[PDB]
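J.: My file is work14.cif. It has mmCIF, C-alpha atoms:
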```
data_final
#
loop_
_atom_site.group_PDB
_atom_site.id
_atom_site.type_symbol
_atom_site.label_atom_id
_atom_site.label_comp_id
_atom_site.auth_asym_id
_atom_site.auth_seq_id
_atom_site.Cartn_x
_atom_site.Cartn_y
_atom_site.Cartn_z
ATOM 1 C CA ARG A 27 14.424 -25.870 -9.955
ATOM 2 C CA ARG A 28 16.315 -29.206 -10.016
ATOM 3 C CA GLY A 29 20.103 -29.137 -9.550
ATOM 4 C CA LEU A 30 19.918 -25.475 -8.593
ATOM 5 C CA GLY A 31 22.873 -25.629 -6.186
ATOM 6 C CA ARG A 32 25.126 -27.569 -8.536
ATOM 7 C CA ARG A 33 24.267 -25.254 -11.432
ATOM 8 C CA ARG A 34 24.843 -22.110 -9.345
ATOM 9 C CA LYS A 35 28.237 -23.471 -8.176
ATOM 10 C CA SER A 36 29.217 -24.266 -11.794
ATOM 11 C CA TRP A 37 28.234 -20.758 -12.902
ATOM 12 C CA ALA A 38 30.194 -19.207 -10.029
ATOM 13 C CA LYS A 39 33.245 -21.213 -11.127
ATOM 14 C CA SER A 40 32.895 -20.005 -14.745
ATOM 15 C CA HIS A 41 32.927 -16.396 -13.488
ATOM 16 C CA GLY A 42 35.769 -16.905 -10.956
ATOM 17 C CA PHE A 43 33.319 -16.023 -8.176
ATOM 18 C CA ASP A 44 33.061 -17.641 -4.745
ATOM 19 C CA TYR A 45 30.083 -19.831 -3.818
ATOM 20 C CA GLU A 46 28.465 -20.348 -0.387
ATOM 21 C CA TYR A 47 25.371 -22.361 0.336
ATOM 22 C CA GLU A 48 24.010 -19.779 2.743
ATOM 23 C CA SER A 49 24.949 -16.457 4.250
ATOM 24 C CA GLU A 50 23.120 -15.554 7.411
ATOM 25 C CA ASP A 51 23.664 -11.789 7.439
ATOM 26 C CA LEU A 52 23.826 -10.859 3.759
ATOM 27 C CA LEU A 53 20.214 -9.632 3.286
ATOM 28 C CA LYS A 54 20.338 -7.046 6.024
ATOM 29 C CA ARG A 55 22.166 -4.549 3.864
ATOM 30 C CA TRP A 56 19.231 -3.944 1.490
ATOM 31 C CA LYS A 57 15.823 -2.587 2.434
ATOM 32 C CA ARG A 58 13.767 -1.920 -0.719
ATOM 33 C CA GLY A 59 12.606 -3.722 -3.881
ATOM 34 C CA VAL A 60 11.896 -7.334 -2.985
ATOM 35 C CA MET A 61 13.579 -6.879 0.398
ATOM 36 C CA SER A 62 10.666 -4.929 1.883
ATOM 37 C CA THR A 63 8.085 -7.713 1.316
ATOM 38 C CA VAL A 64 10.184 -10.439 3.010
ATOM 39 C CA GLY A 65 11.537 -11.124 6.463
ATOM 40 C CA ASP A 66 13.142 -13.833 8.584
ATOM 41 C CA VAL A 67 14.906 -15.371 5.569
ATOM 42 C CA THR A 68 18.546 -15.911 4.737
ATOM 43 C CA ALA A 69 20.339 -15.713 1.425
ATOM 44 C CA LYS A 70 20.953 -19.108 -0.199
ATOM 45 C CA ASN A 71 23.026 -20.348 -3.139
ATOM 46 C CA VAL A 72 25.151 -17.261 -2.686
ATOM 47 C CA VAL A 73 27.737 -16.163 -5.249
ATOM 48 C CA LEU A 74 30.199 -13.388 -4.357
ATOM 49 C CA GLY A 75 32.236 -11.755 -7.087
ATOM 50 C CA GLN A 76 33.336 -8.538 -8.794
ATOM 51 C CA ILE A 77 32.462 -6.854 -12.104
ATOM 52 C CA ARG A 78 35.265 -4.531 -13.254
ATOM 53 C CA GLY A 79 36.291 -3.900 -9.696
ATOM 54 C CA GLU A 80 32.894 -3.529 -8.050
ATOM 55 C CA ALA A 81 31.352 -6.167 -5.753
ATOM 56 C CA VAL A 82 28.442 -8.206 -7.124
ATOM 57 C CA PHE A 83 26.367 -10.635 -5.041
ATOM 58 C CA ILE A 84 23.885 -13.173 -6.444
ATOM 59 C CA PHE A 85 21.594 -15.127 -4.158
ATOM 60 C CA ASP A 86 18.176 -16.722 -3.741
ATOM 61 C CA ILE A 87 15.488 -15.658 -1.288
ATOM 62 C CA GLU A 88 13.532 -18.914 -1.034
ATOM 63 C CA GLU A 89 10.366 -18.967 -3.160
ATOM 64 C CA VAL A 90 10.616 -15.204 -3.734
ATOM 65 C CA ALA A 91 13.390 -14.223 -6.099
ATOM 66 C CA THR A 92 16.958 -14.573 -7.268
ATOM 67 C CA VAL A 93 18.643 -11.191 -6.678
ATOM 68 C CA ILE A 94 21.784 -9.688 -8.204
ATOM 69 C CA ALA A 95 23.232 -6.717 -6.263
ATOM 70 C CA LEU A 96 25.985 -4.586 -7.837
ATOM 71 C CA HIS A 97 28.015 -2.070 -5.861
ATOM 72 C CA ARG A 98 27.816 1.582 -7.000
ATOM 73 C CA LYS A 99 30.925 3.713 -7.251
ATOM 74 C CA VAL A 100 29.201 6.895 -5.982
ATOM 75 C CA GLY A 101 26.272 6.812 -3.546
ATOM 76 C CA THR A 102 22.940 8.559 -3.966
ATOM 77 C CA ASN A 103 19.971 9.297 -1.735
ATOM 78 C CA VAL A 104 17.526 8.969 -4.652
ATOM 79 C CA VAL A 105 15.783 5.594 -5.219
ATOM 80 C CA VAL A 106 14.553 4.580 -8.661
ATOM 81 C CA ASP A 107 12.481 1.377 -8.966
ATOM 82 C CA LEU A 108 11.645 0.044 -12.448
ATOM 83 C CA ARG A 109 9.266 -2.946 -12.341
ATOM 84 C CA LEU A 110 6.887 -4.815 -14.619
ATOM 85 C CA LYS A 111 3.475 -3.136 -14.844
ATOM 86 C CA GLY A 112 1.542 -6.120 -13.509
ATOM 87 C CA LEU A 113 3.408 -6.109 -10.178
ATOM 88 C CA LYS A 114 2.328 -4.213 -7.094
ATOM 89 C CA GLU A 115 3.636 -0.695 -6.596
ATOM 90 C CA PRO A 116 6.404 -0.362 -3.996
ATOM 91 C CA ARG A 117 4.673 -0.291 -0.637
ATOM 92 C CA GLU A 118 6.924 2.389 0.935
ATOM 93 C CA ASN A 119 5.405 5.799 1.671
ATOM 94 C CA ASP A 120 8.333 7.894 0.355
ATOM 95 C CA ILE A 121 8.225 6.648 -3.240
ATOM 96 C CA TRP A 122 5.816 7.584 -6.026
ATOM 97 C CA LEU A 123 4.870 6.651 -9.594
ATOM 98 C CA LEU A 124 6.747 8.714 -12.191
ATOM 99 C CA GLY A 125 5.229 7.019 -15.251
ATOM 100 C CA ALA A 126 4.949 3.978 -17.500
ATOM 101 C CA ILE A 127 7.559 2.859 -20.017
ATOM 102 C CA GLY A 128 6.545 -0.058 -22.142
ATOM 103 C CA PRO A 129 6.137 -3.204 -20.085
ATOM 104 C CA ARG A 130 7.355 -1.359 -16.936
ATOM 105 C CA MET A 131 6.527 1.375 -14.439
ATOM 106 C CA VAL A 132 9.056 3.777 -12.912
ATOM 107 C CA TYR A 133 8.762 4.828 -9.256
ATOM 108 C CA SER A 134 11.084 7.166 -7.386
ATOM 109 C CA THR A 135 11.700 9.002 -4.142
ATOM 110 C CA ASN A 136 12.577 12.150 -6.190
ATOM 111 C CA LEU A 137 10.437 12.541 -9.293
ATOM 112 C CA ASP A 138 12.523 15.409 -10.682
ATOM 113 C CA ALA A 139 15.783 13.477 -10.396
ATOM 114 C CA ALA A 140 14.181 10.328 -11.847
ATOM 115 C CA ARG A 141 12.855 12.371 -14.782
ATOM 116 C CA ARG A 142 16.426 13.410 -15.554
ATOM 117 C CA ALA A 143 17.548 9.761 -15.502
ATOM 118 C CA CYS A 144 14.649 8.709 -17.769
ATOM 119 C CA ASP A 145 16.013 9.803 -21.126
ATOM 120 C CA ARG A 146 16.085 7.945 -24.465
ATOM 121 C CA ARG A 147 18.573 5.370 -23.181
ATOM 122 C CA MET A 148 16.310 4.582 -20.240
ATOM 123 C CA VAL A 149 13.262 4.313 -22.508
ATOM 124 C CA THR A 150 15.060 1.904 -24.820
ATOM 125 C CA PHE A 151 16.322 -0.138 -21.833
ATOM 126 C CA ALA A 152 12.849 -0.462 -20.279
ATOM 127 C CA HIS A 153 11.626 -1.925 -23.569
ATOM 128 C CA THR A 154 14.695 -4.143 -24.272
ATOM 129 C CA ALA A 155 15.531 -5.589 -20.856
ATOM 130 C CA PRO A 156 14.229 -9.170 -20.510
ATOM 131 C CA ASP A 157 10.940 -9.735 -18.735
ATOM 132 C CA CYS A 158 12.821 -11.944 -16.250
ATOM 133 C CA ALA A 159 14.256 -8.689 -14.792
ATOM 134 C CA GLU A 160 11.008 -8.163 -12.912
ATOM 135 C CA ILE A 161 12.055 -5.512 -10.388
ATOM 136 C CA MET A 162 15.182 -3.341 -10.726
ATOM 137 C CA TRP A 163 16.044 -0.663 -8.190
ATOM 138 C CA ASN A 164 18.841 1.120 -6.451
ATOM 139 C CA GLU A 165 19.669 1.931 -2.863
ATOM 140 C CA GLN A 166 22.410 4.224 -1.643
ATOM 141 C CA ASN A 167 25.423 2.127 -2.692
ATOM 142 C CA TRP A 168 23.873 -0.722 -4.689
ATOM 143 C CA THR A 169 21.832 -1.349 -7.844
ATOM 144 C CA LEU A 170 19.779 -4.576 -7.821
ATOM 145 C CA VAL A 171 17.754 -6.818 -10.107
ATOM 146 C CA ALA A 172 15.221 -9.400 -8.895
ATOM 147 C CA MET A 173 14.194 -12.306 -11.137
ATOM 148 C CA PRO A 174 12.252 -15.554 -10.624
ATOM 149 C CA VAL A 175 14.098 -18.272 -8.675
ATOM 150 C CA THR A 176 13.379 -20.630 -11.540
ATOM 151 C CA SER A 177 15.741 -18.579 -13.694
ATOM 152 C CA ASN A 178 18.577 -20.565 -15.286
ATOM 153 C CA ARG A 179 22.255 -19.889 -15.971
ATOM 154 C CA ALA A 180 21.604 -18.051 -19.214
ATOM 155 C CA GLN A 181 19.185 -15.827 -17.274
ATOM 156 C CA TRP A 182 21.810 -15.274 -14.541
ATOM 157 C CA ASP A 183 24.269 -14.142 -17.221
ATOM 158 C CA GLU A 184 21.656 -11.856 -18.771
ATOM 159 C CA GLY A 185 20.918 -10.542 -15.271
ATOM 160 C CA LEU A 186 24.552 -9.540 -14.799
ATOM 161 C CA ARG A 187 24.337 -7.595 -18.051
ATOM 162 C CA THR A 188 20.984 -6.066 -17.062
ATOM 163 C CA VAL A 189 22.117 -4.872 -13.619
ATOM 164 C CA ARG A 190 25.257 -3.355 -15.168
ATOM 165 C CA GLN A 191 23.201 -1.522 -17.777
ATOM 166 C CA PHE A 192 20.677 -0.243 -15.232
ATOM 167 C CA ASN A 193 23.485 0.868 -12.924
ATOM 168 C CA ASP A 194 25.095 2.781 -15.803
ATOM 169 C CA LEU A 195 21.810 4.583 -16.473
ATOM 170 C CA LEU A 196 21.520 5.583 -12.787
ATOM 171 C CA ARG A 197 25.033 7.079 -12.665
ATOM 172 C CA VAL A 198 23.281 10.488 -13.167
ATOM 173 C CA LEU A 199 21.521 10.283 -9.780
ATOM 174 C CA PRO A 200 22.794 13.052 -7.475
ATOM 175 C CA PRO A 201 25.514 12.362 -4.885
ATOM 176 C CA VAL A 202 24.705 12.162 -1.185
ATOM 177 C CA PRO A 203 24.882 15.714 0.240
ATOM 178 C CA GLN A 204 27.772 16.421 2.596
#
```
Spit out the file's structure as structure tokens when you get a sec.

T.:
Amino acid sequence: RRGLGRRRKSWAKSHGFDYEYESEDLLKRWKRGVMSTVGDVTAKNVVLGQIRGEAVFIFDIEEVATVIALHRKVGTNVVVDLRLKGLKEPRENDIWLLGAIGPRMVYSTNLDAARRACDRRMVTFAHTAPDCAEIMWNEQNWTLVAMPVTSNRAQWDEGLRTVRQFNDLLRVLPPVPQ
């Protein structure tokens, strides 16, 4: 809430990441998760960095969410969306409920592929990931986590760990066909 910009700039500096107050085109690259229920907004308090060689972007969508987007090494056409049970189902018409895990529900565009990704490590993760990681999902070349904008620097650090763990679990999603 208060001092959000100063605190986000300090956290960017700790991580060796760049900070920008706003980026006018950033949001256009993602279409699902929290991006489908918003429009005519720009990314604010933007942090641009890398995790072990892969781009990571952290930004606020005013009064909606703080998002962390991590670049995937290999693309996929499957979407998995793991979100807290009390939230609305994804509104898109190509994605369906696979099942509940603990505090969360899993939705996917390919139920068979998502079943393969939902092994013991996924079950443990859905129970252990913090409740602040409200919606986690992937798109073709990115894995993302959305949390409340009131999250703090400890929650931003836990979000980096959460998006990395979720991305690792989705490495099994099939490659884009040639």

J.: Ranking A:182, A:163, A:133, A:151 by minimum distance to residue A:41 and counting all atoms listed in the file, which one comes first?

T.: A:182

J.: Rounded to one decimal place, report the atom CA of residue A:164-atom CA of residue A:82 distance in Å.

T.: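 Computed distance, atom CA of residue A:164 to atom CA of residue A:82, equals 13.4 Å.
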
J.: Taking the file above as input, evaluate the PyMOL selection byres ((chain A and resi 189) around 7) and report the hits as a PyMOL selection string.

T.: chain A and resi 96+169-171+185-188+190-193

J.: Could you check which of A:90, A:98, A:128, A:65 is closest to residue A:78, using only C-alpha atoms?

T.: A:98

J.: List as a PyMOL selection string the protein and nucleic acid residues near residue A:196, meaning an atom at most 12 Å away when all atoms listed in the file are counted, but skip any in the same chain fewer than 4 places from it.

T.: chain A and resi 98-108+134+139-145+147-148+151+162-170+189-192+200-201

J.: When you draw a straight line from atom CA of residue A:154 to atom CA of residue A:109, how long is it in Å?

T.: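 Going from atom CA of residue A:154 over to atom CA of residue A:109, I get 13.2 Å.
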
J.: Please determine, counting all atoms listed in the file, which residue among A:137, A:87, A:93, A:124 has the shortest atom-to-atom distance to residue A:199.

T.: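 That would be A:137, the residue with the smallest distance to residue A:199.
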
J.: Output the residue selection produced by the PyMOL selection byres ((chain A and resi 55) around 12) on the file above, formatted as a list in words.

T.: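 Taken on the displayed file, the PyMOL selection byres ((chain A and resi 55) around 12) yields the residues residues 50, 51, 52, 53, 54, 56, 57, 58, 61, 62, 68, 69, 83, 95, 97, 165, 166, 167, 168 and 170 of chain A.
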
J.: With all atoms listed in the file as the atoms that count, which of A:60, A:180, A:195, A:121 lies nearest to residue A:160?

T.: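 Using all atoms listed in the file, the shortest distance to residue A:160 belongs to A:60.
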
J.: Between atom CA of residue A:183 and atom CA of residue A:86, measure the distance and give it in Å to one decimal.

T.: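 Interatomic distance, atom CA of residue A:183 to atom CA of residue A:86: 15.0 Å.
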
J.: Decode the PyMOL selection byres ((chain A and resi 173-179) around 6) for the given file into explicit residues and return them as a PyMOL selection string.

T.: chain A and resi 27+91-92+158-160+172+180-182

J.: My list of candidates is A:59, A:42, A:125, A:31. Which is closest to residue A:85 when distances are computed with all atoms listed in the file?

T.: A:31

J.: Go through A:152, A:38, A:198, A:113 one by one, measure the shortest atom-to-atom distance of each to residue A:129 using all atoms listed in the file, and give the residue with the smallest value.

T.: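 The closest residue to residue A:129 is A:152.
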
J.: May I have the centre and edge lengths, in Å to one decimal, of an axis-aligned box around the listed atoms of stretch 61-72 of chain A with 6 Å added to every side, as JSON?

T.:
```
{"center_x": 16.6, "center_y": -12.6, "center_z": 2.7, "size_x": 29.1, "size_y": 27.4, "size_z": 23.7}
```

J.: Within 9 Å of (28.6, -22.2, -5.0) (file coordinates; only C-alpha atoms), which protein or nucleic acid residues are there? I'd like them as a VMD selection string.

T.: chain A and resid 31 to 39 43 to 47 71 to 74
